[PDB]
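*Asks:*
Residue numbers (the working numbering): 152 to 383.
Structure, rendered in structure tokens:
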């Protein structure tokens with residue numbers, strides 16, 4: 152129980168005493184700032200890094216960040232990089248650390264902090280994770296915590312499960328649903344109409360229906376899909 156007492160006493164005493172001179176204030180501030188790197192460079196990383204990093208909101212930052220980031224990122228890690236960086240590394244850290252627990256560190260570390268990393272990381276998980284459901288068993292935090300208008304608007308016009316499961320912010324749903332529904336419904340062979348109508352209707356029809364339907368545009372998808380699918 153020394154982590155809670157040491158982290159709570161050091162974070163509470165340093166946070167409550169750091170915002171209160173000459174040699175005493177400079178020696179106490181320099182001793183606390185120089186002493187926080189020894190405890191943050193290695194349970195107690197969340198309270199120590201959160202209280203120490205959020206309390207006071209050049210060789211010590213580069214040496215502690217380079218040594219802690221290189222040793223913690225190369226010795227595996229998500230709490231040190233996410234907590235120390237949240238106060239080209241995504242491709243090398245995610246690819247090198249995931250190509251050898253990888254979902255939480257890769258999704259939390261890569262999503263806690265741009266089209267190549269989001270498109271390659273978000274698109275490589277479907278084939279790399281399904282080549283051996285996906286949204287419920289994977290639960291990627293980068294798509295929900297990071298960027299959704301570019302990937303959803305650029306990729307919406309496989310996508311029904313990630314878009315419908317990850318979409319459940321009015322500019323992305325309105326612009327992506329209106330542009331994808333108008334372009335897909337006006338640019339018209341069964342894969343494009345079935346995938347666009349099922350993905351747009353299933354992804355756009357999921358408090359959002361009562362506030363967004365006040366329902367008149369649902370007769371075109373059911374009438375065109377039911378008449379075209381039943382007649383064809």
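We put the beta carbon where it would ideally sit given N, CA and C, even for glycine.
Could you work out which residue in 161, 238, 375, 214 is closest to residue 179 when comparing CA atoms only?
*Replies:* Position 28 of the chain shown, counted from the first residue, corresponds to residue 179. Checked all of 161, 238, 375, 214; the closest Cα to residue 179 is 161.
*Asks:* Which residue marks the beginning of the alpha helix (DSSP H) containing residue 371, and which one marks its end?
*Replies:* Taking the first residue of the chain shown as 1, we reach residue 371 at position 220. Its alpha helix (DSSP H) spans residues 369-382.
*Asks:* Tell me the start and end of each unbroken alpha helix (DSSP H) in the stretch 227-253 that is at least 4 residues and wholly inside, in chain order.
*Replies:* Fully enclosed alpha helix (DSSP H) runs of 4 or longer: 230-236, 240-249.
*Asks:* Between the Cα of residue 168 and those of 153, 197, 198, 203, spot the shortest distance and give me the residue it belongs to.
*Replies:* Here residue 168 is taken as the residue at index 17 of the chain shown, counted from 1. Comparing Cα positions, the closest option is 203.
*Asks:* Put residue 258 into one of helix, strand or coil per three-state DSSP.
*Replies:* For this step, residue 258 is matched to residue 107 along the chain shown. DSSP places residue 258 in helix when its eight states are reduced to three.
*Asks:* Using 8 Å as the threshold, is the stretch 230-239 in touch with the stretch 256-269, meaning 3 or more CB pairs across them?
*Replies:* The stretch 230-239, when compared against the stretch 256-269, does touch it at the 8 Å Cβ threshold.
*Asks:* Please classify residue 302 as buried or exposed, where buried requires at least 16 other C-beta atoms within 10 Å of its C-beta.
*Replies:* Locating residue 302 in the chain shown gives position 151, counting from the first residue. By the 10 Å Cβ count, residue 302 comes out buried.
*Asks:* Whole angstroms is fine: what's the gap from residue 193's alpha carbon to residue 231's?
*Replies:* In the chain shown, counting from the first residue as 1, residue 193 sits at position 42. In the chain shown, counting from the first residue as 1, residue 231 sits at position 80. One C-alpha to the other measures close to 8 Å.
*Asks:* What did DSSP end up calling residue 293 once you bin it into helix, strand or coil?
*Replies:* Locating residue 293 in the chain shown gives position 142, where the first residue counts as 1. Helix.
*Asks:* Please list, in chain order, all residues of the same chain as residue 347 whose beta carbon is under 6 Å from its beta carbon, the five residues on each side excluded.
*Replies:* Position 196 of the chain shown, counting from 1, holds the residue named residue 347. So the list reads 335, once near-sequence residues are dropped.
*Asks:* Would residue 293 pass as a contact of residue 272 if the rule is Cβ separation under 8 Å?
*Replies:* Counting from 1 along the chain shown, the entry for residue 293 is found at position 142. Counting from 1 along the chain shown, the entry for residue 272 is found at position 121. Taking 8 Å as the Cβ cut-off, residue 293 and residue 272 qualify as a contacting pair.
*Asks:* Let me know the secondary structure DSSP gives residue 172 once reduced to three states.
*Replies:* Taking the chain shown and counting its residues from 1, the one referred to as residue 172 is at position 21. If DSSP states are grouped into helix, strand and coil, residue 172 belongs with coil.
*Asks:* Taking residue 210 as the reference, which of 250, 318, 185 has the closest Cα?
*Replies:* Indexing the chain shown from 1 puts residue 210 at position 59. Checking every option, the nearest Cα to that of residue 210 belongs to 185.
*Asks:* Go ahead and pull the three-state DSSP assignment for residue 194.
*Replies:* Start at 1 with the first residue of the chain shown, and residue 194 comes out as number 43. DSSP places residue 194 in coil when its eight states are reduced to three.
*Asks:* For residue 314, which of helix, strand or coil comes out of DSSP?
*Replies:* Your numbering for residue 314 matches position 163 in the chain shown. Three-state DSSP puts residue 314 in a helix.
*Asks:* Based on Cα-Cα distance, which residue from 225, 313, 274 lies nearest to residue 354?
*Replies:* On the chain shown, residue 354 is found 203 positions in, with the first residue counted as 1. The residue with the shortest Cα to Cα distance from residue 354 is 313.
*Asks:* Once the 5 residues before and after residue 150 are set aside, which same chain residues still bring their CB inside 7 Å of it?
*Replies:* Because residue 150 is not part of the residues shown, which for the chain are 152 to 383, the question remains open.
*Asks:* Report the three-state DSSP secondary structure of residue 348 (helix, strand or coil).
*Replies:* Here residue 348 refers to the residue found at position 197 of the chain shown. Helix, per DSSP.
*Asks:* Taking 8 Å as the threshold (C-beta atoms), are residue 349 and residue 311 in contact?
*Replies:* Within the chain shown, residue 311 is the residue found at index 160, counting from 1. Within the chain shown, residue 349 is the residue found at index 198, counting from 1. Yes. Within cutoff.
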